[PDB]
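Following: one structure in structure tokens, then a few remarks.
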Amino acid sequence: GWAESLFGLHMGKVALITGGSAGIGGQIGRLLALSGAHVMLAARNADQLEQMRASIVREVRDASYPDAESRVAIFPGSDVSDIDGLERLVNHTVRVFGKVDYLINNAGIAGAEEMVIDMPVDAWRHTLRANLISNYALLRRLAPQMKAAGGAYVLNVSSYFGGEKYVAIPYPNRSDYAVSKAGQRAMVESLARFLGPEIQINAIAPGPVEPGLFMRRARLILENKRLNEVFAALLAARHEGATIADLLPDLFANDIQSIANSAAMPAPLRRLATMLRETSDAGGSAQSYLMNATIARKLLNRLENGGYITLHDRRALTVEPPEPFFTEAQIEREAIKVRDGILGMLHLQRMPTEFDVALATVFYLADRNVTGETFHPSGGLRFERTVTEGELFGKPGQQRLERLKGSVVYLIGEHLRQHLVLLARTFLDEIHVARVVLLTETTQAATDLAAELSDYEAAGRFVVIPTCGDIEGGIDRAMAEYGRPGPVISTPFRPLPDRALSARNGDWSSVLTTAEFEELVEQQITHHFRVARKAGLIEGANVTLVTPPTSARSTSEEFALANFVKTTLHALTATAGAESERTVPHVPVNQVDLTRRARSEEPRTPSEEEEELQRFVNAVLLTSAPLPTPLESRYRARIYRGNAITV
Ligand SMILES: NC(=O)c1ccc[n+]([C@@H]2O[C@H](COP(=O)([O-])OP(=O)(O)OC[C@H]3O[C@@H](n4cnc5c(N)ncnc54)[C@H](OP(=O)(O)O)[C@@H]3O)[C@@H](O)[C@H]2O)c1
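Going by the entry's author numbering, the letters in the sequence shown line up with residues 573 to 782, 793 to 1229, in that order.
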């Protein structure tokens, strides 16, 4: 009798639920209605919203709630990636019910389902708006009335793949999804003290809930596998002297037996084509044609963005292969492996239903003494890999640093002048690099830093390049003339916002706006994703992403935003790291944080700030010097990627 136990549990609350016409959000909306709450459901398709509303209202009357027809409302055409539309959703909800007590940030899309090195930047941005920026947007508009009335709750529906406190969990090929789920948890952790005690804010993070989905995902896996084998062989041939752009006409002949027996093909490509013709299912054209159209366009994108070829070297496929490319048998073999992976994660060997998760969640929502937590209503999972955030302990080995002699360094930054200059001086004077290229945002910063190091600049050992925000272009320019990188160190162009996070009394003009939160995600998360996207394609690069310090004022709000940035970015660094471990060119990714775990640990004297800068140098070095590949150490290649090191 679960309905009987729900009765009156949330009597008189008004809940807004996004993505509320099916799945978990439909069940939470259903069970909140069955607990006496007025619910507004929001999704895109209006008829589904109508059918779910019908079903719920019927149950509400059977439960003997008064005037059941007026207890459920719908609001169609609500795409949570459309941040400006959420305002009309809220306006309508306050208009219909008078107030919002519960905000259930439930809607969540799957994202791009590509590796970091393949992800279109605007697909990344779209996932983050839908899964992450939507949640602050709704919270920020509702928080004033919620603070006023005081019985209020924000619930972000996150995931185990958004990690846990101080721990990131890599989700290969899903970095956008993982970053938005981590960011939902991070928002809960970072805001709870400012929104309390009137607003509780928590996340839930269910485990897995119950052509099919494993079929689409299996197909992507087979396509990715083929694309990686070709990219790898292309690099191994370019390694032996081949010019990649000149192999493209013959390669895009697409015939596997042609490529395998061409003397005009470098040996790597021939060994790959031989294996393919011998292993791939013969009932598919994949055994006779190298690539389909998707593989081809992505292969060219990896080569153009990695700087291996130019726009003029782009070729269409001579012959688009005939379906079926991958046979149904291959796709099923791989989908069963996907499914078994997921199922084997689970300690209980069974999955919850959407109703189960909803039920536990709706009970959880009745507890009034918990905030800033991540509740698992479904749970019990063993993960392939977890990465704890940590603190720098030790120094890099001399041998590894010597391997940096003569390399080219790319620095990306703007406002952290002292850090950038110290990095450059260290790389040139003590590491003996060939040269340091600095990519700034504004021209002025380029000129000032070129001045403070005018000596190295005259000698050609320091270069500056103002990007005016065009990160991809600067890396292409630098690669074109100033040398191909080893160490790449991305720092943020912009500082953290100096904004409040909660009201002083009933004044909210000073609290971080939705647009400002959007800018924060752009400049402290997407900025580094753009760097990692390009540099992950560069054979022989190392990537380090640096999260910003606080200002001298060092306000609690600023500290909260820094920890938000650190937690959210780590999901990217860990997923990029796990991807590197599996796919050539195995470019490592690691993260360095300039804000400490606890606020009392921040430097308070100039001597302590000197200790920090020294440590910062040592961590950037520890992650910049050549790291072990999977071939040298299977263990060390795993653990020396995906870290977040506080200094
Ligand atoms: N294995 C799991 O299912 C699992 C586990 C952990 C976490 N989660 C999280 O749980 C949440 C819901 O998962 P689910 O499996 O129930 O999702 P789902 O199957 O995609 O649920 C679909 C619901 O969301 C709506 N929706 C879809 N795209 C939308 C968009 N762009 N804007 C607004 N509404 C949209 C749909 O209506 P329309 O399509 O008509 O708009 C419908 O109401 C997500 O945040 C997800 O990350 C799920």
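No residue lacks a Cβ here, since even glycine has one placed at the ideal position from N, Cα and C.
Cβ-Cβ distance between residue i and residue j below 8 Å
i       : j       : result
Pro1067 : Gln1105 : no
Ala777  : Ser731  : yes
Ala626  : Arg633  : no
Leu1176 : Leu1151 : no
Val693  : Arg1112 : yes
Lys719  : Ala1180 : no
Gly597  : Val760  : no
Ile771  : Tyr725  : yes
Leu925  : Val1199 : no
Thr935  : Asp863  : no
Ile705  : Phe1146 : no
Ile841  : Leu851  : yes
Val672  : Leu588  : yes
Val1046 : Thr1022 : yes
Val1229 : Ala1201 : yes
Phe834  : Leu899  : yes
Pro1130 : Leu1102 : no
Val751  : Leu1154 : yes
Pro903  : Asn843  : no
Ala618  : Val644  : no
DSSP three-state assignment for residue i, whether helix, strand or coil
i           : result
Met691      : coil
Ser730      : coil
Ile655      : coil
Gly598      : helix
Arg1076     : coil
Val1169     : coil
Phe579      : coil
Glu973      : strand
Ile877      : helix
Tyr992      : strand
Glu782      : coil
residue 792 : Missing here is residue 792; the chain as given proceeds from 782 to 793 without the residues in between.
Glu736      : strand
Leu1005     : helix
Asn677      : strand
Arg1017     : strand
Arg1086     : strand
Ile1227     : strand
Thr900      : coil
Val1113     : helix
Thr1129     : strand
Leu998      : coil
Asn1124     : strand
Own chain residues within Cβ distance below 6 Å of residue i, not counting five before or after
i       : result
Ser1092 : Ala1082
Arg896  : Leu882
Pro848  : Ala819 and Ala824
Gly580  : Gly608
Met691  : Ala684
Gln599  : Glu936, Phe937 and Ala940
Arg964  : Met927
Segment limits, beta strand (DSSP E) that includes residue i
i       : result
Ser1072 : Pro1069 to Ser1072
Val586  : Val586 to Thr590
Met612  : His610 to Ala614
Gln772  : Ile771 to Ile776
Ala819  : Counting along the chain, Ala819 falls outside any beta strand (DSSP E), though it belongs to the alpha helix (DSSP H) covering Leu795 to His821.
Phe647  : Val644 to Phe647
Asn1145 : Where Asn1145 is concerned, there is no enclosing beta strand (DSSP E), although the alpha helix (DSSP H) it sits in stretches over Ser1138 to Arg1164.
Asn836  : That residue, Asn836, is in no beta strand (DSSP E); it is neither H nor E in DSSP.
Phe1044 : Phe1044 to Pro1048
beta-carbon residue i near ligand 2 non-hydrogen atom, thresh 7 Å
i      : result
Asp651 : Ligand 2 is not among the ligands present in this structure, which contains only ligand 1.
Sequence-distant residues of the same chain with beta carbon closer than 7 Å to residue i, five excluded per side
i      : result
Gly683 : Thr699, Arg746, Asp748 and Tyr749
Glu622 : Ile646
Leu809 : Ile877, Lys880 and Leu881
Residue i - containing alpha helix (DSSP H), residue span
i       : result
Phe1198 : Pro1188 to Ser1206
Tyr1064 : It is not in any alpha helix (DSSP H) - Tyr1064 carries neither H nor E in the DSSP assignment.
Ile741  : Per DSSP, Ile741 belongs to no alpha helix (DSSP H) and is neither H nor E.
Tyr1038 : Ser1036 to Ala1040
Residues of its chain near residue i, where Cβ-Cβ distance is below 8 Å and the 5 sequence neighbours each way are ignored
i           : result
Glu1184     : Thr1132, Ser1136, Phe1141, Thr1177 and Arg1178
residue 792 : Coordinates for residue 792 are absent, as the chain skips straight from 782 to 793.
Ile1013     : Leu983, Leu986, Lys987 and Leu1203
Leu658      : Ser650, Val652, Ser706, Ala709, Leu710 and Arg713
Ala1028     : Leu1020, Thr1022, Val1046, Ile1047 and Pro1048
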